[PDB]
Trainee: 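Sharing a structure with you now.
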4 protein chains.
Amino acid sequence: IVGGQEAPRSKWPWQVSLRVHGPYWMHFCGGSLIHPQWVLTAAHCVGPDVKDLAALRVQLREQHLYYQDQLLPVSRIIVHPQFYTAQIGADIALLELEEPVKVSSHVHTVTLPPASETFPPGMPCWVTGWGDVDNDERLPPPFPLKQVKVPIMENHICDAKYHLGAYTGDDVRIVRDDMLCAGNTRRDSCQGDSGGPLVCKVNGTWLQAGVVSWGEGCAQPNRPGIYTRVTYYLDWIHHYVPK
Amino acid sequence: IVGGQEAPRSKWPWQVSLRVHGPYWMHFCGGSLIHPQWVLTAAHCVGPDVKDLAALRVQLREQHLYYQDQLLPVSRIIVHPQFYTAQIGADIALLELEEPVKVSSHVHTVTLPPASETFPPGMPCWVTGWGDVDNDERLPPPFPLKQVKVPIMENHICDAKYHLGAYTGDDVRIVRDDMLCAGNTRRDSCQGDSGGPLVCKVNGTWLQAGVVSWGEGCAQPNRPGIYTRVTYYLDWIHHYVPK
Amino acid sequence: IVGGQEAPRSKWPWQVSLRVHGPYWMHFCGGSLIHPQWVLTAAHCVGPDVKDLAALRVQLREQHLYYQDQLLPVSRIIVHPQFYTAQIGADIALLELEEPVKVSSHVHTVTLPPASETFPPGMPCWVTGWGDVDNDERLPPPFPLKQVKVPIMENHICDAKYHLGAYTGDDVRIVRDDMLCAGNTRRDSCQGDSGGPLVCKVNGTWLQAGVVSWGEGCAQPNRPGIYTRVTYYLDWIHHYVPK
Amino acid sequence: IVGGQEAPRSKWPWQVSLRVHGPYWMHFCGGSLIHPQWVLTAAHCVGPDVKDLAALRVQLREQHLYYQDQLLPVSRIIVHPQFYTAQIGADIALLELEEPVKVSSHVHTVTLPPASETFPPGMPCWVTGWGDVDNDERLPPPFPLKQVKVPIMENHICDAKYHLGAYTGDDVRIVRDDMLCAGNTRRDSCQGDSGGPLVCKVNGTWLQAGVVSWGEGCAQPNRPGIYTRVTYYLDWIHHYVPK
Ligand SMILES: Nc1nc2ccccc2[nH]1
Ligand SMILES: Nc1nc2ccccc2[nH]1
Ligand SMILES: Nc1nc2ccccc2[nH]1
Ligand SMILES: Nc1nc2ccccc2[nH]1
């Protein structure tokens, strides 16, 4: 996360950390608990090539990474079949936990938006995670969870911006219809935040509007952070996750 | 270049090296001379974002990198407007030199194939460059120009292979129509060879069938090297390069 | 620390961590509390060249680095005037804190040995620190304080071993009189543990026999870890630290 | 080499490059041809621990490293028995070649100074090599041999300088009597130049006064380059090398 601060212990109870086997269970991507037994994340974090379930673990909300770990095994990885690269789209995936987690006020699910829900440009939303605090700058120990308020940006405006200072023809889509943008030159997501949540509070109730997907650098001019638009893939999600 | 060997001094007179400014003019991509004033290369080597021309230089056929340099400045960089990523396609671009080069048996242009040439499996083709000799393994000094004969594979077969061991739906095409596959687990192109030529001997003449574009790793099982299919972009090239 | 394991919460109340300013206050050397206002460490950790005091801070006993930091500033750095390199000797230094610390069962001083104590082979001794767990292998997060029991080895025996597989003349002493050896191919100190304490339980009390100083690699055959022999520098220490 | 330039092809015919087996025969230190079959170099380049001769090779004078290599096998490595570290002294060694070299005007031996020869403070001498051009700054391809004129510095003055800004007692020798210094904040030797020669033209002949040994940083204030004093070890040298 770029341009944000450490999150209060009572904030973002649905945030999760994905760990990969190694000298130690290292954090490589974020995710969100959308059901007691299901985690939502980005496809590029666990694909497109098939990965060994035994080398993956999920860690529920932690104030500091690695300090009070309680790793959970994953029983199944479901990557959207239309996914190959983030730039092409469908950057979304599901992780079925071995056991349904025991929800508490400190750790619980985030609510998904209704199919008709559309987050307007400028609406203040939040992105969270343990990723880099700037281009090539790793989050330093003790690795606190970070948060940053970012305003939603209209898909068309975002697409236009990405063409600025680029050779790509203005008529050639870069930011596609299943993607959403947010952030600016001071606040953005970054490597390591991928798969994590972008939440906006509507009628009270926090709704997850997107999944951290990709971008060109972090907080770079005319290069807003790009997310997978959750509403676009609700049918696919609800094909595996109980409503 | 993975596998293969050092190229004879008389071979590949059209090979060029792209250099980026810094502590020394370092090689970052390949290319080919297709006209005394024009170099053909890959779009991902110079795009999708517009970079400063001043920071780019071209080196014509050299037996070893850096030892006998005579760097040439560029006046224009033109990238296919459809380009954004190599996985999507249109990974091709042109560089116009500030002056026409003098040709000879040691340095001259490569011939482009006629629109109808398909380059089927069994066709004798070679790829050349100063790229890595293996995954994560750079070409060691004195940096000789390497070459390797690679077997052509039909797009449909190649696409099927890229789906093996991947979550991507079988009907979601990975190897696209404007692309071409070549190589195996012993012969392939690698990082650093990008933008370089894949040439095939047809009826006694060398024709550039492709431009080193991308691939998953180098010489990895079920993951042959991918090239931009030159015949697919002949009309675009001819808008800029005199015949 | 190579071998051994995570130290219990109640052990080594005198262990200290030296921090250098930068992206975060990073651990670079060990140390021990020998007086409410003084820390004993290795000269090579802070010398031979004079560095800015401001860029240094001390962290008293804590289970995991960076988690519960309470950094303490230093008013003075005193390095043995005979020091230039660890191999030559006199690798010992003192840090005076700006304020005396409050002691308790969880944080208190370690007892220095009587001038006559020799710490012969067979005596039970432990070395502690947050250093590498193996050659060029850092302690992974959450960075627990490690400990390991190491076997003492007589100086002359150690010296002979250091000559095995070396061009150095047998009569040219390598392990000097102001030094002490401990450890084997399974138990040893390593980079990052430097300045830390080697303590032995004598007549029911813990005495600091040495300070982690140097060695060829970590836990390498015929190359035991080398420590500064505390008894040799008691007079110097007592010139600054009161009883 | 710091602050110098490319050496003319006709100069320094006695310069050699030591290579170590690996992906390629990489340069790791310099040396000088002092006899048709003997190379003089620094002990720390090949010691203190014994290494097998099979992984070592010698390359005679070439304008650019790796370009037109003609590697020579070594029959024996002789390290001074009093050597353990550069800071202690005796940093000198001999490499006996498998065959005597056929000297030419382009490649021949350098002359060793008489036992009584004393190089006065201020005398203009030269140090040559393929080492870093600045701290942590490697020599860029094509790796030309570099040279730099450095003035001799009186031993006492050099020792005094090394104490400035250090904790070491003024009466404790840092630069010893078997060592020699030269260079300033603009011109100096650096990592990779070790084992190489420092030659001074006395009257009308080039004499090798020193062997690049060590220092604190390169071209750093009050930290001139330190070399092993050749006249100090003339007897040891002539014990193996025919006069
Ligand atoms: N702006 C931005 N946000 C990002 C998150 C993950 C990877 C690349 C990114 N670029
Ligand atoms: N086989 C192959 N060739 C490549 C060239 C550039 C990047 C990735 C590649 N994989
Ligand atoms: N064996 C050993 N132990 C060491 C501790 C610090 C630096 C080098 C070392 N080598
Ligand atoms: N000044 C200086 N010259 C050096 C040559 C080799 C290693 C360290 C050095 N420091």
Side-chain angles (χ1 to χ4, degrees), chain A residues 1-2 29-30 42 44-45 86 91 127 129 131-132 135 150 162 181-185 187-196 198 211-220 223-227, chain B residues 1-2 29-30 42 44-45 86 91 127 129 131-132 134-135 150 181-185 187-196 198 211-220 223-227, chain C residues 1-2 29-30 42 44-45 86 91 127 129 131-132 135 150 181-185 187-196 198 211-220 223-227:
Chain A
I1 299 295
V2 184
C29 271
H44 83 254
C45 287
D91 190 9
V127 62
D132 298 350
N135 293 304
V150 295
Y162 264 75
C181 307
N184 50 44
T185 52
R187 322 195 180 307
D188 198 358
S189 58
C190 203
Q191 281 75 31
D193 289 314
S194 292
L198 169 70
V211 174
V212 173
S213 185
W214 66 288
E216 227 187 64
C218 302
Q220 157 167 41
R223 299 290 186 274
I226 303 172
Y227 304 67
Chain B
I1 294 290
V2 186
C29 269
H44 82 255
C45 289
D91 191 3
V127 62
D132 298 346
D134 203 355
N135 297 293
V150 288
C181 298
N184 52 40
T185 63
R187 303 155 179 275
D188 199 353
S189 57
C190 202
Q191 278 75 184
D193 294 311
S194 292
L198 164 66
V211 175
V212 171
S213 184
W214 65 288
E216 176 185 306
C218 304
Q220 306 287 52
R223 301 289 191 271
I226 303 169
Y227 303 71
Chain C
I1 300 295
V2 185
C29 272
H44 83 257
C45 287
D91 189 6
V127 60
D132 297 344
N135 290 297
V150 289
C181 300
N184 54 42
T185 60
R187 304 142 165 173
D188 196 2
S189 56
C190 202
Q191 277 77 188
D193 295 315
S194 301
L198 168 66
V211 177
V212 177
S213 182
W214 64 289
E216 271 184 50
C218 302
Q220 297 294 59
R223 301 289 189 273
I226 305 177
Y227 305 71

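Order of appearance sets the numbers: ligands from 1, and atoms from 1 within every ligand. Both backbone and side-chain heavy atoms feed into the values below; hydrogens, waters and symmetry mates do not. Below, read A as the first sequence line, B as the second, and so on, with proteins coming before strands; counting in each chain starts at 1.
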Trainee: Which value, rounded to the nearest 0.5 Å, describes the distance between B/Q220 atom CD and B/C218 atom SG?
Mentor: 7.5 Å

Trainee: Counting only nitrogen or oxygen atoms and a 3.5 angstrom limit, does A/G217 reach ligand 1?
Mentor: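 Checking ligand 1 against A/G217, an N or O pair does fall under 3.5 Å apart.
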
Trainee: What's the shortest distance from atom 7 (C) of ligand 2 to any protein heavy atom, and which residue and atom give it?
Mentor: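 Result: B/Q191 OE1, 3.7 Å.
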
Trainee: Which heavy-atom pair separates C/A42 from C/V212 by the least distance, and what is that distance?
Mentor: CB-O, 3.9 Å

Trainee: Give the atoms of ligand 3, by number and element, whose distance to some non-hydrogen atom of C/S194 is under 4.0 Å.
Mentor: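 The list of qualifying atoms is 6 (C).
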
Trainee: I'd like to know whether ligand 2 has B/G131 as a neighbour, heavy-atom separation below 4.0 Å.
Mentor: no

Trainee: Name the residue from B/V127, B/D193, B/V211 that meets the side chain to side chain contact (heavy atoms under 4.5 Å, CB included) definition with B/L198.
Mentor: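 One option only clears the test, and that one is B/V127.
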
Trainee: Could you grab the distance from atom CG of B/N135 to atom CD of B/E216, nearest 0.5 Å is fine?
Mentor: 10.0 Å

Trainee: Is ligand 2 less than 4.0 angstrom away from at least one heavy atom of B/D188?
Mentor: yes

Trainee: Can you list the ligand 2 atoms lying under 4.0 Å from a non-hydrogen atom of B/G215?
Mentor: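 Those qualifying, in numeric order: 8 (C), 9 (C), 10 (N).
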
Trainee: Looking at B/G225, which atoms of ligand 2 are within less than 4.0 Å of one of its heavy atoms?
Mentor: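 Going through ligand 2 atom by atom, the ones under 4.0 Å from B/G225 are 1 (N).
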
Trainee: Which is it for A/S189 and ligand 1 at heavy atoms under 4.0 Å: side chain, backbone, both or neither?
Mentor: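 Both parts.
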
Trainee: For the residue pair A/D132 and A/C190, what are the closest heavy atoms and their distance?
Mentor: O-CB, 3.4 Å

Trainee: Distance under 4.0 Å to a non-hydrogen atom of C/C190: what atoms of ligand 3 satisfy this?
Mentor: 4 (C), 5 (C), 6 (C)

Trainee: If you count the atoms of ligand 3 from 1 in the order shown, which ones are under 4.0 Å from a heavy atom of C/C218?
Mentor: 1 (N)

Trainee: Show, in sequence, the C-alpha distance, side-chain angles and deciding distance for A/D188 and A/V150, and conclude whether the side chain to side chain contact (heavy atoms under 4.5 Å, CB included) test is met.
Mentor: CA-CA 7 Å; A/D188 198 358; A/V150 295; 5.7 Å; no

Trainee: So, taking the atom named SG in B/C181 and the one named CD1 in B/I226, what distance separates them when rounded to the nearest 0.5 Å?
Mentor: 5.0 Å

Trainee: For residues A/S194 and A/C45, report the shortest heavy-atom separation together with the two atoms involved.
Mentor: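 Shortest heavy-atom separation between A/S194 and A/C45 comes out as O-SG, 3.7 Å.
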
Trainee: Answer with yes or no whether C/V212 contacts ligand 3, where contact means a heavy atom under 4.0 Å from a ligand atom.
Mentor: yes

